[PDB]
Amino acid sequence: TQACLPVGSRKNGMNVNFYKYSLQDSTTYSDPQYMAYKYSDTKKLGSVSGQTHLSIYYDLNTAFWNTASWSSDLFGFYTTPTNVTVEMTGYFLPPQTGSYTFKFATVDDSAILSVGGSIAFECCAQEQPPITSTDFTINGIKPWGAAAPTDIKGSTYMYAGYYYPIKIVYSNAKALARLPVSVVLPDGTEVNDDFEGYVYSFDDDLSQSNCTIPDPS
Ligand SMILES: OC[C@H]1O[C@H](O[C@H]2[C@@H](O)[C@H](O)[C@@H](CO)O[C@@H]2O)[C@@H](O)[C@@H](O)[C@@H]1O
Ligand SMILES: [Ca+2]
């Protein structure tokens with residue numbers, strides 16, 4: 001897996017961008033091209049930065065489930081979380097060399113995790129429009145109106161001390177939003193929801209020369 005060594009000032013946590021998703025659209029959220037990149041074909045609704053608590057939960061009254069609703073429940077950002085796509089980007093800093101098992105405990109309605117330079121995004125280009133890779137580490141999809149898969153896991157081998165691009169794209173098509181995010185470290189340590197000290201951001205520096213490490217090994 002391709003990693004990076006950005007030399008700018010490090011920022012804490014991951015950037016989160018918000019994009020429109022059509023209420024009750026039961027097709028788009030499950031299109032692989034949409035989850036990978038097409039979500040950015042609309043104007044960004046806005047963004048927040050510095051996020052370390054990655055897990056998503058929005059709920060509302062069952063009497064309202066066929067309807068849009070304004071709330072700040074997603075990352076403090078005022079939107080309609082009943083119907084929205086979220087892109088989280090940053091860099092993962094492995095404390096140790098080994099296999100890392102990322103997990104989505106379940107999902108509602110869809111989410112992907114991509115890991116690696118030229119997979120999640122290009123090294124030193126975190127803030128750019130999305131690249132087109134559908135080589136997902138995790139691809140979770142809730143069937144329309146039925147139970148979502150659980151313990152949806154994916155492994156990446158990482159070398160200590162390099163920064164690995166990560167991208168989570170998440171969509172809610174209606175009603176409840178759910179995405180519990182965790183990772184199991186090579187020592188068996190579980191990191192649940194709060195990724196402080198494991199995820200960082202760097203401002204784009206497309207001039208930096210030695211940013212990409214094709215083979216960290
Ligand atoms: O019983 C259907 C469904 O209800 C709830 O999920 C809702 C919503 O969040 C989903 O996006 C859509 C489409 O799958 O279904 C519901 O409106 C949850 O109770 C869920 O567990 C369940 O399958
Ligand atoms: Ca939903």
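Indexing begins at 1, ligand by ligand and atom by atom, following the structure's order. Only heavy atoms go into these numbers, but all of them, side chains included; no hydrogens, no water, no symmetry mates. Positions are given from 1, in the same order as the sequence printed here.
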- Side chain, backbone, both or neither: which part of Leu176 comes within less than 4.0 Å of ligand 1 when only heavy atoms are counted? both
- Message: Once you restrict to heavy atoms under 4.0 Å, what part of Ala148 touches ligand 1? Side chain, backbone, both or neither.
- Response: neither
- Message: Below 3.5 Å, N or O to N or O, backbone or side chain included: is there any such pair between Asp109 and ligand 1?
- Response: yes
- Message: If I apply the N/O under 3.5 Å rule, does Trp65 come out as touching ligand 1?
- Response: no
- Message: Within 3.0 Å of the Ca ion (ligand 2), is there any N, O or S atom belonging to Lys174?
- Response: yes
- Query: Hey, does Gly145 come in under 3.5 Å of ligand 1, counting only N/O atoms on both sides?
  - Reply: yes
- Message: Determine whether the interatomic SG-SG distance for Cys124 and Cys211 falls below 2.5 angstrom.
- Response: yes
- Item | Nitrogen or oxygen of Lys142 less than 3.5 angstrom from that of ligand 1 | yes
- Item | With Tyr100, the side chain to side chain contact (heavy atoms under 4.5 Å, CB included) member among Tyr157, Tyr198, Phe92 | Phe92
- What is the minimum heavy-atom distance between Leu176 and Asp109, and which atoms define it? O-OD2, 4.4 Å
- Pull out every atom of ligand 1 sitting under 4.0 Å from any heavy atom of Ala146, numbered as shown with elements. 23 (O)
- Using a cut-off of 6.0 Å, state whether more than 12 heavy atoms not belonging to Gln24 lie near its atom CD. yes
- Message: Hydrogens and angles aside, do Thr189 and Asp187 bring a side-chain donor and acceptor to less than 3.5 Å of each other?
- Response: yes
- Item | Three-point angle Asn172:OD1, the Ca ion (ligand 2), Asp109:OD2, rounded to the nearest 10° | 70°
- Less than 6.0 Å separating the ring centroids of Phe121 and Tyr91? yes
- Note on the structure: for atom 6 (O) of ligand 1, nearest protein heavy atom and its distance come out as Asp108 OD2, 3.4 Å
- Query: Is it true that some N/O/S atom of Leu176, main chain or side chain, lies under 3.0 Å from the Ca ion (ligand 2)?
  - Reply: yes
- Output the atom name for the N/O/S atom of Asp108 with the smallest distance to the Ca ion (ligand 2). OD1
- Task: Give a yes-or-no answer on whether the side chains of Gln128 and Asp204 include a donor-acceptor pair shorter than 3.5 Å.
- Result: yes
- Task: Name the closest protein heavy atom to atom 8 (C) of ligand 1, giving the residue it belongs to and the distance to 0.1 Å.
- Result: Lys174 O, 3.5 Å
- Do you see a donor-acceptor pair shorter than 3.5 Å between the side chains of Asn83 and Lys174? no
- Query: Any chance the side chains of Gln2 and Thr212 put a donor and an acceptor closer than 3.5 Å?
  - Reply: no
- Item | Atoms in ligand 1 with a heavy atom of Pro143 nearer than 4.0 Å | 14 (O)
